[PDB]
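Asker: start_13.txt (compact mmCIF, N, CA and C atoms and all ligand atoms) pasted underneath:
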# COMPACT_ATOMS: atom_id res chain seq x y z
N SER B 7 9.20 -0.87 5.62
CA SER B 7 9.60 -0.98 4.17
C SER B 7 8.85 -2.11 3.46
N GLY B 8 8.77 -2.02 2.13
CA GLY B 8 8.18 -3.09 1.33
C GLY B 8 7.60 -2.62 0.05
N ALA B 9 7.53 -3.52 -0.92
CA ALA B 9 7.02 -3.19 -2.25
C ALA B 9 6.23 -4.35 -2.84
N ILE B 10 5.42 -4.03 -3.83
CA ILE B 10 4.75 -5.01 -4.71
C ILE B 10 5.49 -5.02 -6.04
N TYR B 11 5.74 -6.20 -6.57
CA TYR B 11 6.43 -6.43 -7.86
C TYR B 11 5.45 -7.16 -8.76
N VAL B 12 4.76 -6.42 -9.62
CA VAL B 12 3.79 -7.00 -10.58
C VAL B 12 4.25 -6.63 -11.99
N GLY B 13 4.43 -7.63 -12.86
CA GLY B 13 4.89 -7.36 -14.23
C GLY B 13 6.16 -6.54 -14.20
N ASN B 14 6.20 -5.46 -14.96
CA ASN B 14 7.40 -4.59 -14.96
C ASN B 14 7.10 -3.36 -14.11
N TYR B 15 6.38 -3.55 -13.01
CA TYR B 15 6.05 -2.45 -12.06
C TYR B 15 6.53 -2.78 -10.64
N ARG B 16 6.97 -1.73 -9.95
CA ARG B 16 7.34 -1.76 -8.53
C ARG B 16 6.42 -0.76 -7.84
N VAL B 17 5.63 -1.21 -6.86
CA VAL B 17 4.65 -0.34 -6.16
C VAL B 17 5.20 -0.13 -4.77
N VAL B 18 5.35 1.13 -4.37
CA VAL B 18 5.91 1.46 -3.04
C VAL B 18 5.11 2.60 -2.43
N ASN B 19 5.26 2.77 -1.13
CA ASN B 19 4.77 4.01 -0.51
C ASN B 19 5.48 5.20 -1.16
N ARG B 20 4.73 6.23 -1.52
CA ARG B 20 5.37 7.42 -2.15
C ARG B 20 6.42 7.99 -1.20
N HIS B 21 6.19 7.96 0.11
CA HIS B 21 7.11 8.63 1.08
C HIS B 21 8.39 7.84 1.20
N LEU B 22 8.45 6.61 0.69
CA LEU B 22 9.65 5.73 0.76
C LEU B 22 10.28 5.56 -0.62
N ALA B 23 9.73 6.20 -1.65
CA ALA B 23 10.28 6.07 -3.01
C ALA B 23 11.72 6.59 -3.06
N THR B 24 12.58 5.86 -3.79
CA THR B 24 14.03 6.19 -3.95
C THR B 24 14.24 7.08 -5.16
N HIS B 25 15.46 7.57 -5.32
CA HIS B 25 15.83 8.33 -6.54
C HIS B 25 15.59 7.44 -7.76
N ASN B 26 15.98 6.16 -7.66
CA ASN B 26 15.83 5.26 -8.81
C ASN B 26 14.34 5.15 -9.16
N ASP B 27 13.46 5.09 -8.14
CA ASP B 27 12.02 5.00 -8.45
C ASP B 27 11.57 6.22 -9.24
N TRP B 28 11.93 7.43 -8.76
CA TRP B 28 11.58 8.69 -9.43
C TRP B 28 12.20 8.79 -10.84
N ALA B 29 13.38 8.25 -11.03
CA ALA B 29 14.10 8.27 -12.33
C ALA B 29 13.50 7.23 -13.30
N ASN B 30 12.58 6.38 -12.82
CA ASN B 30 11.85 5.35 -13.62
C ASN B 30 10.37 5.43 -13.31
N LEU B 31 9.86 6.64 -13.12
CA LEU B 31 8.50 6.86 -12.63
C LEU B 31 7.47 6.41 -13.67
N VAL B 32 6.44 5.72 -13.21
CA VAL B 32 5.24 5.39 -14.04
C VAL B 32 4.09 6.27 -13.59
N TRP B 33 3.83 6.28 -12.28
CA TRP B 33 2.65 6.97 -11.74
C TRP B 33 2.88 7.23 -10.27
N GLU B 34 2.43 8.39 -9.79
CA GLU B 34 2.48 8.68 -8.35
C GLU B 34 1.30 9.55 -7.95
N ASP B 35 0.90 9.39 -6.70
CA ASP B 35 -0.24 10.14 -6.13
C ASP B 35 0.00 10.32 -4.65
N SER B 36 0.31 11.55 -4.23
CA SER B 36 0.56 11.93 -2.82
C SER B 36 -0.67 11.60 -1.96
N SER B 37 -1.86 11.95 -2.44
CA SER B 37 -3.12 11.74 -1.68
C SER B 37 -3.30 10.25 -1.35
N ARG B 38 -2.78 9.34 -2.17
CA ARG B 38 -2.86 7.88 -1.88
C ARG B 38 -1.59 7.34 -1.21
N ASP B 39 -0.51 8.12 -1.12
CA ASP B 39 0.81 7.64 -0.65
C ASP B 39 1.30 6.48 -1.52
N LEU B 40 1.12 6.51 -2.84
CA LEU B 40 1.59 5.44 -3.75
C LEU B 40 2.49 6.03 -4.83
N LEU B 41 3.50 5.25 -5.16
CA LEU B 41 4.31 5.53 -6.33
C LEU B 41 4.61 4.20 -7.00
N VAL B 42 4.61 4.25 -8.31
CA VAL B 42 4.94 3.07 -9.12
C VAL B 42 6.06 3.43 -10.06
N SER B 43 7.07 2.58 -10.09
CA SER B 43 8.24 2.71 -10.98
C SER B 43 8.31 1.49 -11.89
N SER B 44 9.04 1.64 -12.99
CA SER B 44 9.28 0.55 -13.97
C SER B 44 10.49 -0.26 -13.52
N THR B 45 10.46 -1.56 -13.81
CA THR B 45 11.49 -2.54 -13.42
C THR B 45 12.02 -3.21 -14.70
N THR B 46 13.27 -3.66 -14.67
CA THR B 46 13.88 -4.41 -15.80
C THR B 46 13.36 -5.85 -15.75
N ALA B 47 13.26 -6.43 -14.55
CA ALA B 47 12.87 -7.84 -14.33
C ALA B 47 11.38 -7.95 -14.07
N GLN B 48 10.76 -9.02 -14.57
CA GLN B 48 9.33 -9.38 -14.36
C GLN B 48 9.07 -9.67 -12.88
N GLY B 49 8.07 -9.03 -12.26
CA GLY B 49 7.59 -9.42 -10.93
C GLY B 49 6.50 -10.46 -11.06
N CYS B 50 6.23 -11.18 -9.99
CA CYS B 50 5.28 -12.31 -9.95
C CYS B 50 4.10 -12.06 -9.04
N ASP B 51 4.07 -10.92 -8.35
CA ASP B 51 2.97 -10.67 -7.40
C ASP B 51 1.69 -10.56 -8.22
N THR B 52 0.62 -11.15 -7.72
CA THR B 52 -0.72 -11.05 -8.31
C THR B 52 -1.48 -10.00 -7.52
N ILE B 53 -2.06 -9.02 -8.19
CA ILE B 53 -2.90 -8.00 -7.53
C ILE B 53 -4.29 -8.61 -7.41
N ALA B 54 -4.91 -8.49 -6.23
CA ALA B 54 -6.29 -8.93 -6.03
C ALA B 54 -7.19 -8.08 -6.91
N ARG B 55 -8.23 -8.70 -7.49
CA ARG B 55 -9.29 -7.95 -8.20
C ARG B 55 -10.60 -8.42 -7.59
N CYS B 56 -11.10 -7.68 -6.62
CA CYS B 56 -12.11 -8.16 -5.63
C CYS B 56 -12.50 -7.01 -4.72
N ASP B 57 -13.50 -7.23 -3.89
CA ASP B 57 -13.95 -6.27 -2.86
C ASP B 57 -13.91 -7.00 -1.52
N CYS B 58 -12.95 -7.89 -1.35
CA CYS B 58 -12.69 -8.51 -0.03
C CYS B 58 -12.48 -7.44 1.02
N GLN B 59 -12.94 -7.75 2.23
CA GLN B 59 -12.71 -6.94 3.43
C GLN B 59 -12.13 -7.82 4.54
N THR B 60 -11.64 -9.00 4.19
CA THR B 60 -10.82 -9.76 5.15
C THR B 60 -9.54 -10.19 4.44
N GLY B 61 -8.44 -10.26 5.18
CA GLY B 61 -7.19 -10.69 4.60
C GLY B 61 -6.17 -10.82 5.72
N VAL B 62 -4.94 -10.84 5.32
CA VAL B 62 -3.79 -11.02 6.24
C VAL B 62 -2.77 -9.96 5.88
N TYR B 63 -2.15 -9.29 6.86
CA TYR B 63 -1.10 -8.30 6.54
C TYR B 63 0.18 -8.63 7.33
N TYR B 64 1.30 -8.22 6.78
CA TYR B 64 2.62 -8.36 7.44
C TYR B 64 2.92 -7.10 8.23
N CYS B 65 3.21 -7.30 9.50
CA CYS B 65 3.60 -6.27 10.45
C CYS B 65 5.07 -6.51 10.83
N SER B 66 5.97 -5.76 10.20
CA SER B 66 7.43 -5.89 10.41
C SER B 66 7.76 -5.69 11.89
N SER B 67 7.12 -4.70 12.53
CA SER B 67 7.43 -4.33 13.95
C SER B 67 7.02 -5.43 14.92
N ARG B 68 6.32 -6.48 14.47
CA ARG B 68 6.00 -7.64 15.33
C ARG B 68 6.49 -8.94 14.72
N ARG B 69 7.12 -8.88 13.54
CA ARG B 69 7.57 -10.08 12.80
C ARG B 69 6.40 -11.05 12.76
N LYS B 70 5.22 -10.55 12.40
CA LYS B 70 4.00 -11.39 12.41
C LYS B 70 3.09 -10.97 11.26
N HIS B 71 2.41 -11.96 10.71
CA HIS B 71 1.24 -11.80 9.81
C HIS B 71 -0.04 -11.91 10.59
N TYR B 72 -0.91 -10.91 10.49
CA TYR B 72 -2.14 -10.83 11.29
C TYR B 72 -3.33 -10.89 10.36
N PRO B 73 -4.29 -11.78 10.65
CA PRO B 73 -5.58 -11.76 9.95
C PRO B 73 -6.38 -10.56 10.42
N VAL B 74 -6.98 -9.85 9.46
CA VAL B 74 -7.72 -8.62 9.80
C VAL B 74 -8.93 -8.47 8.91
N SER B 75 -9.93 -7.79 9.46
CA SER B 75 -11.05 -7.18 8.70
C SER B 75 -10.70 -5.73 8.42
N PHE B 76 -11.02 -5.25 7.23
CA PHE B 76 -10.64 -3.87 6.83
C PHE B 76 -11.78 -3.24 6.08
N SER B 77 -11.81 -1.91 6.18
CA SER B 77 -12.87 -1.08 5.57
C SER B 77 -12.66 -0.96 4.05
N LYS B 78 -13.67 -0.57 3.30
CA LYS B 78 -13.44 -0.41 1.85
C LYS B 78 -12.65 0.89 1.65
N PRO B 79 -11.92 0.97 0.52
CA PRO B 79 -11.07 2.13 0.23
C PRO B 79 -11.87 3.43 0.23
N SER B 80 -11.43 4.39 1.02
CA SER B 80 -12.16 5.65 1.30
C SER B 80 -11.20 6.81 1.49
N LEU B 81 -11.78 8.01 1.48
CA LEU B 81 -11.09 9.29 1.81
C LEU B 81 -11.23 9.50 3.31
N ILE B 82 -10.12 9.45 4.05
CA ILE B 82 -10.13 9.47 5.54
C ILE B 82 -9.10 10.49 6.03
N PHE B 83 -9.43 11.19 7.11
CA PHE B 83 -8.50 12.11 7.78
C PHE B 83 -7.50 11.25 8.57
N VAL B 84 -6.21 11.47 8.36
CA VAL B 84 -5.11 10.74 9.03
C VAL B 84 -4.36 11.73 9.93
N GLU B 85 -4.19 11.41 11.21
CA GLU B 85 -3.39 12.23 12.16
C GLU B 85 -1.94 12.30 11.69
N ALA B 86 -1.21 13.33 12.12
CA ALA B 86 0.22 13.48 11.79
C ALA B 86 0.99 12.21 12.16
N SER B 87 1.89 11.78 11.27
CA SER B 87 2.87 10.72 11.54
C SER B 87 4.28 11.31 11.41
N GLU B 88 5.31 10.50 11.54
CA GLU B 88 6.69 11.02 11.38
C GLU B 88 6.94 11.35 9.88
N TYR B 89 6.08 10.94 8.93
CA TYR B 89 6.40 11.11 7.48
C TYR B 89 5.33 11.93 6.75
N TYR B 90 4.18 12.22 7.37
CA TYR B 90 3.12 13.08 6.77
C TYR B 90 2.52 13.99 7.83
N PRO B 91 2.03 15.18 7.44
CA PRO B 91 1.27 16.00 8.38
C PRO B 91 -0.07 15.30 8.61
N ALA B 92 -0.89 15.80 9.55
CA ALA B 92 -2.33 15.48 9.58
C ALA B 92 -2.92 15.87 8.22
N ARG B 93 -3.60 14.96 7.56
CA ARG B 93 -4.22 15.28 6.26
C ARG B 93 -5.25 14.24 5.85
N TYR B 94 -5.94 14.52 4.76
CA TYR B 94 -6.83 13.55 4.11
C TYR B 94 -5.97 12.64 3.22
N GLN B 95 -6.16 11.33 3.33
CA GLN B 95 -5.54 10.33 2.44
C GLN B 95 -6.67 9.57 1.75
N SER B 96 -6.54 9.35 0.46
CA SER B 96 -7.58 8.73 -0.39
C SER B 96 -7.25 7.25 -0.59
N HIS B 97 -8.25 6.46 -1.00
CA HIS B 97 -8.09 5.01 -1.34
C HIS B 97 -7.48 4.26 -0.15
N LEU B 98 -7.87 4.62 1.07
CA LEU B 98 -7.27 4.10 2.32
C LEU B 98 -8.28 3.18 2.99
N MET B 99 -7.80 2.03 3.41
CA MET B 99 -8.60 0.99 4.11
C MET B 99 -8.07 0.94 5.55
N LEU B 100 -8.92 0.84 6.57
CA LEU B 100 -8.44 0.77 7.97
C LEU B 100 -8.84 -0.58 8.57
N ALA B 101 -7.98 -1.08 9.43
CA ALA B 101 -8.23 -2.27 10.29
C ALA B 101 -7.80 -1.95 11.70
N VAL B 102 -8.30 -2.74 12.64
CA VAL B 102 -7.78 -2.71 14.02
C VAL B 102 -6.52 -3.56 14.02
N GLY B 103 -5.42 -2.95 14.41
CA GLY B 103 -4.15 -3.67 14.50
C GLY B 103 -2.98 -2.74 14.64
N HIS B 104 -1.81 -3.34 14.72
CA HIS B 104 -0.59 -2.59 15.03
C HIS B 104 0.07 -2.09 13.75
N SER B 105 0.45 -0.82 13.74
CA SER B 105 1.24 -0.22 12.64
C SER B 105 2.10 0.93 13.16
N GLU B 106 3.44 0.77 13.08
CA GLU B 106 4.50 1.82 13.27
C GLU B 106 4.87 2.40 11.91
N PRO B 107 5.55 3.57 11.83
CA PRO B 107 6.05 4.04 10.55
C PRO B 107 6.87 3.00 9.75
N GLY B 108 7.79 2.26 10.38
CA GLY B 108 8.61 1.25 9.71
C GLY B 108 7.79 0.10 9.12
N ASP B 109 6.53 -0.02 9.49
CA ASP B 109 5.63 -1.09 8.97
C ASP B 109 5.08 -0.72 7.60
N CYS B 110 5.27 0.51 7.15
CA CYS B 110 4.81 0.92 5.81
C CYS B 110 5.46 0.02 4.77
N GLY B 111 4.65 -0.47 3.83
CA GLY B 111 5.14 -1.34 2.75
C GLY B 111 4.77 -2.80 3.01
N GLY B 112 4.35 -3.13 4.23
CA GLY B 112 3.91 -4.50 4.53
C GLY B 112 2.69 -4.83 3.68
N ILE B 113 2.68 -6.02 3.11
CA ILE B 113 1.58 -6.45 2.20
C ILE B 113 0.35 -6.90 3.00
N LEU B 114 -0.81 -6.48 2.50
CA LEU B 114 -2.14 -7.00 2.83
C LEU B 114 -2.56 -7.89 1.67
N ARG B 115 -2.89 -9.13 2.00
CA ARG B 115 -3.28 -10.13 0.96
C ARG B 115 -4.60 -10.76 1.34
N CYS B 116 -5.36 -11.10 0.29
CA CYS B 116 -6.61 -11.89 0.42
C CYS B 116 -6.47 -13.12 -0.46
N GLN B 117 -7.54 -13.92 -0.59
CA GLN B 117 -7.44 -15.14 -1.41
C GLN B 117 -7.10 -14.79 -2.86
N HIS B 118 -7.39 -13.55 -3.31
CA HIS B 118 -7.23 -13.14 -4.73
C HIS B 118 -5.85 -12.53 -5.03
N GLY B 119 -5.02 -12.25 -3.99
CA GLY B 119 -3.66 -11.74 -4.17
C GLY B 119 -3.41 -10.53 -3.29
N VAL B 120 -2.62 -9.61 -3.80
CA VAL B 120 -2.21 -8.41 -3.04
C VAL B 120 -3.32 -7.35 -3.10
N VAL B 121 -3.81 -6.96 -1.94
CA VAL B 121 -4.85 -5.92 -1.81
C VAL B 121 -4.21 -4.52 -1.75
N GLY B 122 -3.13 -4.39 -0.99
CA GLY B 122 -2.57 -3.07 -0.71
C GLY B 122 -1.34 -3.18 0.17
N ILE B 123 -0.81 -2.02 0.57
CA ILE B 123 0.41 -1.99 1.44
C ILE B 123 0.12 -1.08 2.63
N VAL B 124 0.70 -1.40 3.76
CA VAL B 124 0.56 -0.54 4.96
C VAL B 124 1.02 0.87 4.62
N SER B 125 0.26 1.85 5.03
CA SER B 125 0.52 3.27 4.73
C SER B 125 0.30 4.16 5.96
N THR B 126 -0.53 3.77 6.92
CA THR B 126 -0.82 4.60 8.12
C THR B 126 -0.85 3.74 9.39
N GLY B 127 -0.71 4.40 10.53
CA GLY B 127 -0.80 3.73 11.83
C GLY B 127 -1.26 4.68 12.89
N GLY B 128 -1.23 4.21 14.11
CA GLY B 128 -1.62 5.04 15.27
C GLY B 128 -3.00 4.70 15.80
N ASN B 129 -3.17 4.96 17.09
CA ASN B 129 -4.46 4.81 17.82
C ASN B 129 -5.00 3.40 17.61
N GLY B 130 -4.13 2.41 17.48
CA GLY B 130 -4.50 0.98 17.38
C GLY B 130 -5.16 0.67 16.06
N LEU B 131 -5.01 1.52 15.06
CA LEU B 131 -5.46 1.18 13.69
C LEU B 131 -4.24 1.03 12.76
N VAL B 132 -4.44 0.25 11.74
CA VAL B 132 -3.47 0.15 10.62
C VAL B 132 -4.25 0.51 9.37
N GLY B 133 -3.64 1.38 8.56
CA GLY B 133 -4.23 1.80 7.29
C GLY B 133 -3.44 1.25 6.11
N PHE B 134 -4.15 0.80 5.09
CA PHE B 134 -3.55 0.21 3.87
C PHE B 134 -3.94 1.02 2.65
N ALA B 135 -2.97 1.38 1.84
CA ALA B 135 -3.22 1.96 0.50
C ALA B 135 -3.66 0.85 -0.45
N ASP B 136 -4.90 0.95 -0.89
CA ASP B 136 -5.46 -0.03 -1.84
C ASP B 136 -4.72 0.04 -3.17
N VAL B 137 -4.58 -1.06 -3.85
CA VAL B 137 -4.07 -1.07 -5.25
C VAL B 137 -5.08 -1.79 -6.18
N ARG B 138 -6.19 -2.29 -5.65
CA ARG B 138 -7.01 -3.24 -6.47
C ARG B 138 -7.72 -2.48 -7.60
N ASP B 139 -7.87 -1.16 -7.51
CA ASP B 139 -8.48 -0.31 -8.57
C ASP B 139 -7.46 0.01 -9.67
N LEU B 140 -6.17 -0.27 -9.48
CA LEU B 140 -5.15 0.08 -10.52
C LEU B 140 -5.03 -1.09 -11.50
N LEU B 141 -6.00 -1.22 -12.41
CA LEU B 141 -6.13 -2.41 -13.28
C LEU B 141 -4.97 -2.47 -14.27
N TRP B 142 -4.42 -1.31 -14.59
CA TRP B 142 -3.28 -1.22 -15.54
C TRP B 142 -2.01 -1.88 -15.01
N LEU B 143 -1.93 -2.20 -13.72
CA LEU B 143 -0.74 -2.89 -13.17
C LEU B 143 -0.64 -4.29 -13.81
N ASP B 144 -1.77 -4.82 -14.31
CA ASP B 144 -1.93 -6.19 -14.87
C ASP B 144 -1.41 -6.26 -16.31
N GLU B 145 -1.09 -5.12 -16.95
CA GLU B 145 -0.89 -5.05 -18.43
C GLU B 145 0.37 -4.22 -18.78
N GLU B 146 0.42 -3.70 -20.02
CA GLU B 146 1.58 -3.03 -20.68
C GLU B 146 2.81 -3.93 -20.58
ZN ZN Y 201 -10.00 -10.70 -2.45
Would you mind writing the file's structure down as structure tokens?
Ligand SMILES: [Zn+2]

Answerer:
Amino acid sequence: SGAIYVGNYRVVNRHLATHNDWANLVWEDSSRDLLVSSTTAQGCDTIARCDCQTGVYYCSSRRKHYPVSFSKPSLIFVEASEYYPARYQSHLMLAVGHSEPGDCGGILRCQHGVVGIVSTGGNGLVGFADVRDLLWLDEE
């Protein structure tokens, strides 16, 4: 589990979005596993605006933050998980590291702020849904 709180936006994995998120929907994309909902309260998270490929992510299943190198956001084939079939996922960054389904929502951060959230796992890789291209999260 986990979310990004930027301005009046809540960013979550689409597969973990609640009824309240859908009832306050701003934007969603299945291919990216992202959904954004509107919030009453101001969030303080800063979204990274950068092309960093090193950062730190939170792994709930190990109660640890791990420094990682990660690929640039790409269209990648993802094997079946407990929450998605085998399919292509877009805007996905991969690192070597641990990721269980419950780790989805863990933040990946670089010196510039929040890069993305854990979205995929398996075969000793962790995949992150990038948010750094969603420049509109910074405004409205
Ligand atoms: Zn950065």

Asker: Just want the 7 Å neighbourhood of residue 38 (chain B), counted on all atoms listed in the file, with same-chain residues fewer than 3 positions away dropped. Output as a compact mmCIF listing (two decimals) with N, CA and C atoms, in the coordinates of the input.

Answerer:
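The resulting file, result_3.txt, is shown below:
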# COMPACT_ATOMS: atom_id res chain seq x y z
N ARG B 20 4.73 6.23 -1.52
CA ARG B 20 5.37 7.42 -2.15
C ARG B 20 6.42 7.99 -1.20
N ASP B 35 0.90 9.39 -6.70
CA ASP B 35 -0.24 10.14 -6.13
C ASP B 35 0.00 10.32 -4.65
N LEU B 41 3.50 5.25 -5.16
CA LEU B 41 4.31 5.53 -6.33
C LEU B 41 4.61 4.20 -7.00
N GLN B 95 -6.16 11.33 3.33
CA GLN B 95 -5.54 10.33 2.44
C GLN B 95 -6.67 9.57 1.75
N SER B 96 -6.54 9.35 0.46
CA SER B 96 -7.58 8.73 -0.39
C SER B 96 -7.25 7.25 -0.59
N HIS B 97 -8.25 6.46 -1.00
CA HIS B 97 -8.09 5.01 -1.34
C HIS B 97 -7.48 4.26 -0.15
N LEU B 98 -7.87 4.62 1.07
CA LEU B 98 -7.27 4.10 2.32
C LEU B 98 -8.28 3.18 2.99
N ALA B 135 -2.97 1.38 1.84
CA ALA B 135 -3.22 1.96 0.50
C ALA B 135 -3.66 0.85 -0.45

Asker: Taking the DSSP secondary structure from the backbone, can you list the residues of region 15-114 of chain B that are helix (DSSP H, G or I), as a PyMOL selection string?

Answerer: chain B and resi 20-22+25-29+36-38+66-68+107-109

Asker: Which residue gives the smallest distance to residue 112 (chain B) among B:130, B:14, B:66, B:30, with all atoms listed in the file counted?

Answerer: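 Looking only at the distances to residue 112 (chain B), the closest residue turns out to be B:66.
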
Asker: Between B:70, B:55, B:16, B:93, which one has atoms that come closest to ligand ZN 201 (chain Y), using only N, CA and C atoms and all ligand atoms?

Answerer: B:55

Asker: Identify which of the residues B:142, B:113, B:121, B:8 lies closest to residue 63 (chain B), counting all atoms listed in the file when measuring atom-to-atom distances.

Answerer: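 Nearest candidate to residue 63 (chain B) out of B:142, B:113, B:121, B:8: B:113.
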
Asker: What does the list of residues within 8 Å of ligand ZN 201 (chain Y) look like if you count all atoms listed in the file, written as a list in words?

Answerer: residues 53, 54, 55, 56, 57, 58, 59, 60, 61, 115, 116, 117, 118, 119, 120 and 121 of chain B

Asker: Taking only C-alpha atoms into account, which of B:50, B:132, B:102, B:62 comes nearest residue 15 (chain B)?

Answerer: B:50

Asker: So what do you get for CA of residue 7 (chain B) versus atom N of residue 47 (chain B), distance-wise?

Answerer: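 Going from CA of residue 7 (chain B) over to atom N of residue 47 (chain B), I get 19.8 Å.
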
Asker: Counting only C-alpha atoms, which residue out of B:33, B:89, B:76, B:11 sits closest to residue 103 (chain B)?

Answerer: B:76

Asker: Any idea what the distance is between atom N of residue 67 (chain B) and atom C of residue 110 (chain B)?

Answerer: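 It comes out at 9.2 Å.
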
Asker: I need the residues of region 24-133 of chain B that end up classed as strand (DSSP E) by DSSP on the backbone, written out as a ChimeraX atom specification.

Answerer: /B:31-35,40-50,60-65,70-75,80-84,93-102,113-116,119-126,131-133

Asker: Nearest to residue 111 (chain B) among B:131, B:123, B:82, B:74, with distances taken over only N, CA and C atoms: which residue is it?

Answerer: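 Between B:131, B:123, B:82, B:74, the residue approaching residue 111 (chain B) most closely is B:123.
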
Asker: Distance CA of residue 80 (chain B)-CA of residue 133 (chain B), one decimal place?

Answerer: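 Taking CA of residue 80 (chain B) and CA of residue 133 (chain B), their separation equals 10.7 Å.
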
Asker: Please determine the residues with any atom at most 8 Å from (4.5, 0.4, 13.0) (coordinates as given in the file, with all atoms listed in the file counting) and report them as a PyMOL selection string.

Answerer: chain B and resi 65-68+104-110+126-128

Asker: Would you compute, for all listed atoms of region 8-25 of chain B, the axis-aligned bounding box grown by 5 Å on each side, and then report its centre and edge lengths in Å rounded to one decimal, as AutoDock Vina command-line options?

Answerer:
--center_x 9.8 --center_y 0.5 --center_z -6.4 --size_x 22.0 --size_y 26.3 --size_z 27.1
